[PDB]
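In the block that follows, a single chain appears as C-alpha cells, in the form solved without the named molecule.
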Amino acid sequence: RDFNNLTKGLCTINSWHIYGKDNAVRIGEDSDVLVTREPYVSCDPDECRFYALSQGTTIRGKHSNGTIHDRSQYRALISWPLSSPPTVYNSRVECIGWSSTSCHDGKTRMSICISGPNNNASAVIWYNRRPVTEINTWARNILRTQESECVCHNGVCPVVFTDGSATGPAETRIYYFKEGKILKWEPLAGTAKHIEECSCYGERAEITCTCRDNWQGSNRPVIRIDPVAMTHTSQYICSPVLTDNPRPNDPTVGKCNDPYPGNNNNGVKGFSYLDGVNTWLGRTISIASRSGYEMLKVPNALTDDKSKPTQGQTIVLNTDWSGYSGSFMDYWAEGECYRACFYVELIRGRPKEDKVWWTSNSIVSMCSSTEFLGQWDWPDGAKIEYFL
C-alpha cells in the first residue's frame, strides 16, 4: 500500500514467549530438508517468514559433506513459511549468494545477495523480485552484509556492509536504498573500531543496529541511524555485561567508546534491544563457545558503564548449541507499540559435532510479552547419533 513509517516505540519487555521453531535437523533426518546456516526472520505486511542461506544440498544428501565452508556457488538466500523446515519443495529462492539481508518497505521487499570470489565479489539488490542495482567490491576482501533483516522508514532502507579485513581495520559503509536504488552512502562514523553482521530494528523513526567487532571488542558496537537525515553515529555498549563470544569474564565496569579487550579476531552475530530501562541483551551462556543462550535485562546498558542485570530468561541451556542471533519485529502487527522479537540459530554438526561431515542449523524465535511468563529451554532436539 504505502511505505511503512516507524511511528511507534517498543512495548515493555517483561519476558519472552515462544514465537516460532522449525525443528529442521530433527525432521531433516528423514525428509528433504536443505542444509542451511545464517538464518533470520523477516515480515511482510501479511506474513512473517523464515530466511537462511541454503548450501544447495539436503542434509542426508552426499553433497552435505563439506557444508562447514561459508562461500560457494551453491548457496542462495531462501525463505519459507514460519515454523516449517526449509525443504526442497516449500522454499522460495530470493537471490543467489553467500551473504544477505532483506526487508519489506511496506509496498514491496528488497533482498540483497552478495556472491563472487573473495577478491571480486558484488552485491545485487533485488526489489519486487527483479534485480535493480549492483555494487562491486570496494576493498577486494569478502564484501559482506548483515545476515539478518534491514529496516525501512518511508521507503528508505539503510543497510550496513563491510569490505576488507576481518581481523583489522576494514571499510564499512551504510547504504541508503529507496525502491532498490542508492540514494546515498556513507563511510562508518563514530567510535566503533570494526563492524560486522549488524542486527537492526527501528522505533520512533530511528534505526538501531547491534553489530560485531570481530577484531578486538567483546562488548558490541552499536550504530544508530537516522533514515530521514540519512546520517548515523556509532559507539559501543557501555555495560560490563559482555555479549560477544568468545569473550573474557564480565568485569565490574565496561567501556563506552573502545573495544573491551581479551579476545581477538573472533565473535558471533548477536543483537540487543536498547531502550532505557527497557533494555535487554542476548548472549551465549558460555564465554568460550557458541553454547547456550540467555536474555538479560540490563537497564541503560548502552550508556551506563556499570550496568548489571536485573532480570533474565534462559533460552537455550549451556549444554546445547546456539550460534547466530538477530532482531526482527512485525512492524505491521496491530497495537500501540512494536513487540520486540529475535531468533537464535541452533548450529549442529561441524566443527563441534565432528562425527558427521555436514554443518546445518534449526531456528528458534521468541517475541516479547508484557506479562512475566515462565521459561523453558528450546534446544535443536536432534540426536546426532541417528545420522551416523
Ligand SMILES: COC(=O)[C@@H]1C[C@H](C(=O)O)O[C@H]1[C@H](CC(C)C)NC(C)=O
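Residues carry their position along the shown sequence, with the first being 1.
Just so you know, the form solved in complex with the named molecule exists too; it's not on screen, but the next bit is about it.
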Taking any heavy atom pair closer than or equal to 4.5 Å as contact, tell me whether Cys48 reaches the named molecule in the entry with it bound. no
Decide whether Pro85 counts as a contact residue for the named molecule in the entry with it bound under a heavy atom distance cut-off of 4.5 Å. no
Is there a heavy atom of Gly267 lying 4.5 Å or less from a heavy atom of the named molecule in the entry with it bound? yes
Against the named molecule in the entry with it bound, would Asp70 count as a contact residue? Criterion: heavy atoms within 4.5 Å. yes
Within 4.5 angstroms, counting heavy atoms, which one of the listed stretches 230 to 238, 180 to 188, 85 to 93, 71 to 79 is next to the named molecule in the entry with it bound? 71 to 79
Using heavy atoms and a 4.5 Å cut-off, decide whether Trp98, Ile142 and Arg290 all contact the named molecule in the entry with it bound. yes
The one option of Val132, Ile135, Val156, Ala166 with any heavy atom within 4.5 Å of the named molecule in the entry with it bound is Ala166
In the entry with it bound, which of the listed residues (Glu203, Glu149, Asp275, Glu197) lies with a heavy atom within 4.5 Å of the named molecule? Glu197
Go through 18 to 41 residue by residue and record those having a heavy atom within 4.5 Å of the named molecule in the entry with it bound; state none if no residue qualifies. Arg37, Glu38
